[PDB]
Structure formats: structure tokens, C-alpha cells
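K.L.:
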RNA sequence: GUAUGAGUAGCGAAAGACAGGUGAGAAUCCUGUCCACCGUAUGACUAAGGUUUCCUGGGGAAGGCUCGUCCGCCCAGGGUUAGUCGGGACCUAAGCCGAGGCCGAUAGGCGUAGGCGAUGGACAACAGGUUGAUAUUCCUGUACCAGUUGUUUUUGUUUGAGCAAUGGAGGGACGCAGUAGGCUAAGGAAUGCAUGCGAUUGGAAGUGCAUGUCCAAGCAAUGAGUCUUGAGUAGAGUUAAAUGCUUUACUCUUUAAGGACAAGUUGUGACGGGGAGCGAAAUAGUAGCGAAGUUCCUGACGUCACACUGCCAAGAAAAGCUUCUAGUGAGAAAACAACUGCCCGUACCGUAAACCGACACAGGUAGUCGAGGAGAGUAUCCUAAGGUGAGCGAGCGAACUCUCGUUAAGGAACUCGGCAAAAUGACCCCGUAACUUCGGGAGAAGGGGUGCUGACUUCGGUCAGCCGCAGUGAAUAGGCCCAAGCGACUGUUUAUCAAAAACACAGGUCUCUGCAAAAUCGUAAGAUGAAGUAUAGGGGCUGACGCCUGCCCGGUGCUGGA
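Printed below as a string of C-alpha cells:
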């Protein structure tokens, strides 16, 4: 299962900035340590070290028809490189 | 002056909790009664 | 002796307190302390059993020696002290082997003495003999009950007990409070009466001081409401209407005896006189 | 569901005005100017608690005590980065769970070993910059902890290598009160800096206005100062050992020497950063560029530090740590270089419109910082940094109710009762009765002075002069005396109609109880009394202190009797 840690990349006004210092942002599935994501990226993209960062998120609400329901959790992943690029987006 | 329902997080889970209601022979009566009525939140 | 504070403010009028004019140091031994708690009169159930307890300063327990079994090694006293638990001071002793422990303070002990506690010591203050080889007429203390248990009889300040006479079995004794009995001849004891002798002559003076020692106020009886104490009720100041003044559960208080009529000691008691 | 009361009562303390925007529409939104309010807080940071209220762009159906282009509201997008910070992968207190186990109609009760449990212990990062929102987390620079690899320096696992116990120890390790000393912070007043010179009479200034007046952790050096006597000898002991530790007996040693500790200071860190202002090319005061770092005075219960002296009410535990041996048991130290470091919290409000009170409520909310002038001061009056102008208004200036100000002559005639108001109130000086438990009454009573200028000031103050009706000129700031009852006093009491003469209280006295003590909770095991032992522990009445405390045992209890 060391390929379904990373889920997809975050594309935001903020994230787009970090693209200008070799810093990328993915959604990592919950229950994954840092080192796991290190391994996953290195083994999926031919890139390197410069320790990752990680987060957590709360849910929110929504009101459609008297229907109050939350949304999923999250876990961002903000990765830093040393020498190579990702011309993948 | 001071009114009653001064809320906390530890106490409300170490009095009306779950494990503190699965630790007796009476808490289980309470739980099963809350399950028979068809309740959502069995115990806070 | 006893100080007599000069009357400055009413809650200081006629207080009294010791001098502490023999206590040498003010720093206990480290390896003799043990912690404690202030039960405030409460069971494992968590209820009052005895009223009027709890709520004062802190105390840390001092493990006094009570059996006095090390024999044929001289014991040297070095310092007296103060103790918060009992009502009598305490001495620290060094044995030649390099071990420490405490002793109660007999009335007349001083630093620099040397003590022995064998079955063939000499009879001078401080020594701890077996009850047999203590001659007639002396005044001894820390008396045991069951051989090997330690001391449990006379233990507090300013108290005496003569030895009236031996038998083949057992030894007689005139206890304090003037009542005779007999205890097995193979019990340990030390000689001489206990120490601070005026500790009864202290007029406390304030109410916050008897509250420093862990006491607590104790309402009269005849004030409470009838549903809470048999004396109470009655509109006005009332006399005890019921005969035989009572405690809050029965048991008249004045005149009533309370031994256990089938006790296992009446064979060993001669002339209960003062109770 | 809809009426009456009725278009009535209310719109929940505090100051706004104008100009121009914006827009279908404006007192109520934005911008500008002047004004005004708080400022030991209406200011800054945090712990709970709340749970997306935070930010960006749209909207005006409902909430907003009116209005509303606006909002803590509706719609859409987006924000919370850690080896070092708080917690876990460390230790334990109260308390709880408790393998076996001891009791009990069932249910179950209680408890050993072992554990769980921060409000406590112990432990490796600092300064500046960066955004619309995050910052000991991102970035820059300088560090630190513990480990892993690679070339870089001593071999009988005996242990002369090294390592090193679940054992032997040392340590961690602890109260309150009172002043005294040493530093830094903070504060104040004159030097250095850059700038401009008043349109109201006047004024290029040693002595004139406005304005700024500096910087880490770590590393290296030192150090106001604080604590402590130290050595040998023959012994015991430390369940086996000990070169570690306790201890005895003796001989020398004492302002000494040795050891232990220490706020701080100087350089470096630093060509870095910050800074009054100056300041573009445009959507920008933005990008960018910048002075100087002085002397003297007052100076912390912040720090050395529970350091010292005194007192009695006699003042947590365990791990981390240092050692020693028993000990399995090649050859690990240190070069330098380069790497590895897990999970959880991080938005926002937080004396409040976001918490507790049904509310956008005149109530409640633990901790740190908390400036200037006078001033003992966190008091009072006005103010700095900083924040606010409170969610209905425009008029008129009647009765009446509430909150305030003033009064002729009289001064308790009112009244159940001087309730309420009025009167005194600061600092310095003179002086002060009966009575007494000799400490007190005592701030008893009753009186006098205070402003400004000059001279002399021995030092404090004294002289001379000037003005007002009034000189602590405003705010803050005891009314007193003569007798009686009750209660000795400081305390405590009916949350929400009674705060006393009620209870407590120190002292008095009777009585019980010899330790598996009496007594109490429980059917019992088990507990408290107590790790106490008659100078102790429970029960009943009385309530400082002084002088005292008479008569009756026939009746009712209690104890003794045979």
C-alpha cells in the first residue's frame, strides 16, 4: 500500500507560491507518519530529502434542506526538495 | 452571582462518560434502556 | 519552664507555652522520616467516625524505636528533639556499628550518655531490660504486652509506674491511674519516667491555636434540633428533661460503665480503681 | 386562529458636528477634520470554555429592540507547518482499578503484588524578517541534544582496555515572619543628531522649539558575593563483595587552606539587523536609502534567594543524576566529514456582542505586564503608548416622580426614633481626665501653622517683604462627650424578609476507657480513634478575669451488695 499514501495535490493561491521555492502540497491520507511520505515521494518521483511538513484539518457544515452535515477530514503535505523538479502539473 | 452549569471537558467525560458507564452493573441497565428506546447518542 | 506573655491584646492575655530550653537542634534525621496524612476522621467508606478532627498544620512521621532489641552494643545519645505526633520529646542514638534510630526521652537524659539494653545491664535511666531482672520498687516504662511486640503501655510525658512485686508467674505492677495488674514476666521495659513534665501546665489562650493542633469546634448538646440530638429542642434555655443525660445516640454519659463484661483479662486485673 | 387593552408602555447607563464619497434609496456604511471618554484600565499576553465566529470576494428574504449599501447574518473560495514550545514514547501525591486473596441469599463488598493519576518533579533555540490570514513552526544567521555511517591512533572480558545492576549508598528534598546588602530592568534630567524660523505684542537663542537618542542565545574570559572545617590512626558494620557509604575511640588542624556555588560584566556573535526621517517609474509613504548611540540622578519581594536572623503551630513521594562492587561480557576515545530524528495542540474571542446567566443582558470569570506630573501609594485629578464615541431620534423647556445645586430668620419645635441630609476629615506643633486586668483609655478633649518673593540656608528652619474674602485654595481623607443593660474579646450564623443579647470560643467540672481501649460506619471481612497509649482519647453541662459556689438522698436514674 506504499502507493496510496498520497491522494492528490493542493492547488491554491498559497500553494502556487511555494511552487517557487520547490515546495509542493499534496493531500495525504490520514494515519501516515512523515517518514512514510518521504519514502512514497522518493519512490514515485525520483526526488530527494529536505524534510516534509504535515497538518490536520477540522470539518465544517452545510445547510441544504434542513440537512446539517459535516465534511471529511484532511491532511495536507508540504514537501521540500534539494535538487530536482516536478514538471507534472 | 455564580450560576450552575460551569462547563468542563474532563468532568463531563469522567462522570457521564462511556467507559464509566460500562464499568458497573447499573450503567449497563442505563445503556440497554437507551438502546431500546432507539436513541442516537447512547451516552456522552 | 513556662513563658507568660505580657498582656497586649485580648487574644494574648494569659497564654502560656514552653521555653524549649533543652531541645538541642531543629533538624531531624533524614533516614527516619516517613510521610503521613490527616484523615480528618474518615473511613474507607468516607464518613465521619470520630467527630472533631482534621484541618491544621502538616506533620511528617518519625519512626521511633519501640522494641529495643539490639543488645550488647553501647548506644550513644547525641540530640534531643521536638516531635509533633506524641506529647514527648525524642532522642537520636548512634550505635557503634554505624546504625541510627530514635528513643523516647526519659526524664533526666542528657547528651553524651551511653546506654545498654541486655538481659544483664545495670539499672540506670535509659536502659531497656527484660521485665524479670528489674528489682522491686523501681519506676519503669515503655512496658510491653506481648513479648516481642514492642512497647504499648505507659508512653507519654510525666507518667510513672512502680513494680510492686514479682511472682513465679507473672510480674505485678502498679500502673499509672492507680490500678494494679500483672503482665508476663518476659516483656521489655525501660526505667525512669517520661520527659516534659509541665506539658500539662500550658494555657493555650486563643481559639486559633487549639485549631492549629488539629481540633475543631464542638457544639453543645442542648442547642441542636430535636430530630438531631436527644437533648435538643425546647423553646428557651431548657434543662435536661430526660433523666440520665445522654450522648447523641443513647448511652447515658454520667455514671455508666463500659467494660466488656466477658473480657479476657479479669483474671489479670486486681483493683480497677480509677476509671 | 384571532381580537380588547393600543398605535399605549418600552427601545436595556456614557458627546458628537461638518465636508466629500458610495449608492434606486443615507443621521445610522467609507474617507477627512476638529472635538470628547478610559487609561492598575474600556491597553498587551495567556489558562480554561466556546467550536470556523478568522481572511478574501458577492448579497439584503429572515436575525440587528429603528435605519441599514453594513455585520459575529446568507452565498462562494481559502487559511491552523515544530528534534528544541505544552502533553505522549519519564517519576510520583490525594484518589481509583486491583492477578492471587479474605468476607457475603444472588447481585457483590474490601484488599496484597502491580498499575493508572498534574494542580507537583526532571529535561536540548535565540534575534530579526516575511503574508490576506500561520510563525521559538516558513526564511536568514548563529547554536544546541541523542544517535548512524566513512577515512582519520589500544587487545588474557582476566580485566592493567573499556561497560556496568531490578543490590550497597550520596542526592534530589521542601514552613512562616522580619528587616539589611548586591545587580539588571524601568524611570527622570542635561549631551550628540539630522529641520525649519513663526504673520497676534515679542524673540537667531551657551539659556529655542519639534523630534530619535540601540541590539540577542551560544561561546570565550571574570565574579559583586554566598555556603561549608579539614587530615591521619585501631576499630566495628553495610543479607555475599566494595577502593563506595555509615559509625565508634583517639592524635593534629580553625581569621587558614581545600571544596561547592553564583546573579551579573567585557569581547565575540555583528560588514548582520533595527531607526527620526528622506524617499520613486504606476496601479505606493510602497520599493529603496538613512543620524547617533553621551553624562548624571532616583532605582525594584524582578534576581542572587528560603541567602541570613528569629519563631513554633515543627514544615510531600518517586524518577532523572553521581558513585561501588557482583557482574555477561574482541577494542572503545577522538578526531572531523556527512546524515536520521515519531504522534497530538497551534485560525479567532478570551473583565466579552464569540464564556457562565433563555438576550448583541448595568451581574460572575484563575494568572502575568501595567507609564508621567505632584504624591507614602496600583489612592485621587489630568494625561503617554493604545482604544473607544455604546445600535432609535428631532423638538418644546408644563404638572408630577427620580438623581443633583442654593437659601433669609429660627436651629430638633418634625418624628415612634436627628432615619435621611448637614457638620469633622490631610501634614506639622502644643497638650490631654476619670478609670485599670497597668498593656490601655488616646487620633480622648481642646487648641495653633500651611500661599508667593528675596536674604541668610550651619543642618533643619529663621528673618524681611507682597496679594486675596478665603493660601493641604479643586478631588481623595475620624463628628465628639456623659451614664445604664447584654455579651468578655478577633470570629460564625438563616444563599433570597431577622446578623443579635444566638453558636463558636480559651478556662472550669463530672464521667467513661489498660489497648484487639472505650466510640462510630458496615450483616462481615475491613476500617477511622492511631502508626496514638491516661499530662492520652470520647461523652455531658458552664463559658475570659476577680470574690464565690448554702440546705435535702425521702421519689427517679447510676454504681456496689449478697
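Chains as they are written, first to last, in the entry's author numbering: chain U, 2 to 90; chain 4, 1 to 44; chain C, 2 to 276. No residue lacks a Cβ here, since even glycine has one placed at the ideal position from N, Cα and C.
Excluding the five sequence neighbours on either side, which residues of its own chain have a C-beta within less than 7 angstroms of the C-beta of residue 97 (chain C), listed in chain order?
P.N.:
74 and 75
K.L.:
Any contact of the stretch 136-151 of chain C with the stretch 206-220 of chain C, i.e. 3+ C-beta pairs under 8 angstroms?
P.N.:
The stretch 136-151 of chain C vs the stretch 206-220 of chain C: no contact.
K.L.:
Find the nearest neighbour of residue 79 (chain C) within the set 251 (chain C), 71 (chain C) and 101 (chain C), judged by alpha-carbon distance.
P.N.:
The shortest C-alpha separation from residue 79 (chain C) is found at 101 (chain C).
K.L.:
The beta strand (DSSP E) with residue 183 (chain C) in it runs from where to where?
P.N.:
181-184
K.L.:
If we require 3 or more residues per run, which beta strand (DSSP E) segments fall completely within the stretch 131-206 of chain C?
P.N.:
172-175, 181-184 and 189-192
K.L.:
Quickly, what does DSSP pair residue 54 (chain U) with across the bridge? List them, please.
P.N.:
79 (chain U)
K.L.:
Are at least three pairs of beta-carbons, each pair with one atom in the stretch 186-201 of chain C and one in the stretch 155-167 of chain C, less than 8 angstroms apart?
P.N.:
yes
K.L.:
Keeping to the same chain, check which residues put their C-beta closer than 7 angstroms to that of residue 232 (chain C); ignore five residues upstream and five downstream.
P.N.:
222, 223, 241 and 247
K.L.:
Pick from 171 (chain C), 193 (chain C) and 180 (chain C): whose alpha carbon is nearest that of residue 186 (chain C)?
P.N.:
171 (chain C)
K.L.:
Starting from residue 81 (chain C), follow its DSSP beta bridges and name the residues at the other end.
P.N.:
92 (chain C)
K.L.:
For residue 62 (chain U) versus residue 68 (chain U), is the C-beta spacing smaller than 8 angstroms?
P.N.:
Taking 8 angstroms as the Cβ cut-off, residue 62 (chain U) and residue 68 (chain U) do not qualify as a contacting pair.
K.L.:
Could you check what DSSP says for residue 46 (chain U) in three-state terms: helix, strand or coil?
P.N.:
Collapsing the DSSP output to three states places residue 46 (chain U) in a helix.
K.L.:
Of all the options 235 (chain C), 119 (chain C), 272 (chain C) and 106 (chain C), which has the alpha carbon lying nearest to the alpha carbon of residue 175 (chain C)?
P.N.:
Minimum Cα distance to residue 175 (chain C) is reached at 272 (chain C).
K.L.:
On a CA-only basis, which of 149 (chain C), 69 (chain C) and 132 (chain C) is nearest residue 169 (chain C)? Give me that one, please.
P.N.:
132 (chain C)
K.L.:
What are the boundary residues of the beta strand (DSSP E) that residue 243 (chain C) is part of?
P.N.:
First-last for residue 243 (chain C): undefined, no H or E at that position.
K.L.:
Can you tell me the Cα-Cα spacing of residue 250 (chain C) and residue 244 (chain C), whole angstroms?
P.N.:
Going by the C-alpha atoms only, they are around 15 angstroms apart.
K.L.:
Nearest to residue 109 (chain C) by CA position, among 23 (chain C), 36 (chain C) and 8 (chain C), is which residue?
P.N.:
23 (chain C)
K.L.:
Compare the C-alpha of residue 140 (chain C) against each of 151 (chain C), 37 (chain C), 125 (chain C) and 256 (chain C) and name the closest.
P.N.:
125 (chain C)
K.L.:
According to DSSP, is residue 19 (chain C) helix, strand or coil?
P.N.:
In the structure shown, the three-state DSSP call for residue 19 (chain C) is strand.
K.L.:
Run through DSSP, which three-state label would residue 117 (chain C) get?
P.N.:
Three-state DSSP puts residue 117 (chain C) in coil, outside helix and strand.
K.L.:
Assess contact between the stretch 72-84 of chain U and the stretch 48-64 of chain U, defined as three or more Cβ pairs (one per stretch) separated by less than 8 angstroms. Is contact present?
P.N.:
yes
K.L.:
Quick check on the DSSP output: the beta strand (DSSP E) that includes residue 101 (chain C) runs from which residue to which?
P.N.:
101-105
K.L.:
Taking the DSSP output, what are the residues bridged to residue 248 (chain C)?
P.N.:
Under DSSP, residue 248 (chain C) shares a beta bridge with 251 (chain C).
K.L.:
Among the residues of its own chain, which have a CB less than 8 angstroms from the CB of residue 121 (chain C), if the five just before and after it don't count?
P.N.:
134
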